[PDB]
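A single chain, nothing else alongside it, follows as structure tokens in the form deposited without its partner chain.
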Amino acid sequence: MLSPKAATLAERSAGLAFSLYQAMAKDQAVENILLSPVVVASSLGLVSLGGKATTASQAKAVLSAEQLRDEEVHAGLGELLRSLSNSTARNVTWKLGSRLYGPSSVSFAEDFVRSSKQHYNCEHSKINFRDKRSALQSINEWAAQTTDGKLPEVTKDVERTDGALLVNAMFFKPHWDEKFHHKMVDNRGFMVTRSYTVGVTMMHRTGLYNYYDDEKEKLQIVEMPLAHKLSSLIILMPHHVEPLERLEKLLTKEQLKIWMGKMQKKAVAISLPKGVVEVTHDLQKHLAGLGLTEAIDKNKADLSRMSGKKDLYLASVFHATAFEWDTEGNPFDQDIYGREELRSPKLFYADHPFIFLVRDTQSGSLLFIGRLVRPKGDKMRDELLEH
């Protein structure tokens, strides 16, 4: 559970994440989305830490933290970052690294290096893009080591090679409160579009889950608690195989509350795609839209508290995440509700794009927002030699 200052920041980060999600969903190039509100927030907090004047004020403004003091903002976000581990088993089902890359010519201020590592646990490194292959190799190897291989490649190309490159590498694996059986796994087809279908491995389970079927808006919503009901995962999926654009319009902080209230603990037969979903986002373009125009502009940016000198702007903000869907979770006692309690269950068969949200139960803060559109897999051909 959170302090009042951190709780208010948590709510604003949740706003930024939905605002970014909607902004990214509109981009037709974006397929999967995976945002971690508190890690997005800490990127803005890092700008207010190593910035001066309108560059740092815009960072506090995007955080709606103009009333809070500078040290208060850095401690509140710092409390938020430590609270992510609180309902996630640190270093085994949740790994996170944050590193700032500056050109070889630049040297970071020891005052900034101390306070960024203190609150944001930020790492600092220099990188020269003359050898572009060795610059990408240094970033990708760092993110791979941070996630112990789950996120092998953050990016295949760096566009802006003359500023600060903030990189956030993550690995999160939701640990179910009632585990799926390790053998209730088979191969199915996931329909990306009505025409394109990829071969995926799926995990299946039937249990009691809070569920709502919106027959009017043609969608299903299920909540799947995680280990010790300390956090819970919600999934919103349309009835037909359709683009999530329609469903995304309905996705609001208020509509979610409505849907949540309409749920009831029914027997549901859930089938989810099993595997790792690797997603990298360069939030630079989208952060400018939310009100961070100075830091991202080479000429307006003042990042003197960071390098003791100007000629340094926020070139990129990579938000790379490896989200693993696996069967593992806490065990459940057999003859808890009896096999006659799951007699005729509702069908939540996730074989087409869906939206999902992880939420902290002790603090109420949003842990993740995202959507699975194209899971990892090769297009399976139109066989249809029925079973």
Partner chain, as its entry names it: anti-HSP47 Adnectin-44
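Between two forms, the rigid core is the largest collection of C-alphas that superpose within 1.5 Å. Only residues modelled in both forms are compared. Positions refer to the first chain, counted from 1.
Separately, the form solved in complex with its partner chain exists; it is not shown, and the next lines address it.
Proximity of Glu159 to its partner chain in the deposited complex falls outside the 4.5 Å heavy atom cutoff. Among residues of the shown chain, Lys179 is one whose heavy atoms approach its partner chain to within 4.5 Å in the deposited complex. For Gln334, a non-hydrogen atom is located within 4.5 Å of its partner chain in the deposited complex, even though that partner is not displayed. Though the partner is left out of this view, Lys26 does not reach within 4.5 Å of its partner chain in the deposited complex, counting heavy atoms only. Taken together, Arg188, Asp213 and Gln220 are fully in contact with its partner chain in the deposited complex: each brings a heavy atom within 4.5 Å. With the partner left out here, its partner chain still marks one of 147-155, 169-177, 302-310, 236-244 in the deposited complex; by a 4.5 Å heavy atom cut-off that stretch is 236-244.
Of the residues given (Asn140, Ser232, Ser87, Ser271), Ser271 alone sits with a heavy atom within 4.5 Å of its partner chain in the deposited complex. With the partner removed from view, the residue among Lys257, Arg133, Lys265, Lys183 that has a non-hydrogen atom within 4.5 Å of its partner chain in the deposited complex turns out to be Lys183. Contacts of stretch 332-348 with its partner chain in the deposited complex, defined by any heavy atom lying within 4.5 Å, are made by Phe332, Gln334, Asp335, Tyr337, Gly338, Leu342, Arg343, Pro345, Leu347, listed in sequence order. In a rigid-core overlay of the protein, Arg339 has its C-alpha displaced by at least 2 Å between this form and the one not shown. For residues common to both forms, superposing the rigid core between this form and the one not shown reveals consecutive runs of 3 or more with all Cα shifts of 2 angstroms or more at 86-92, 336-341, 382-384.
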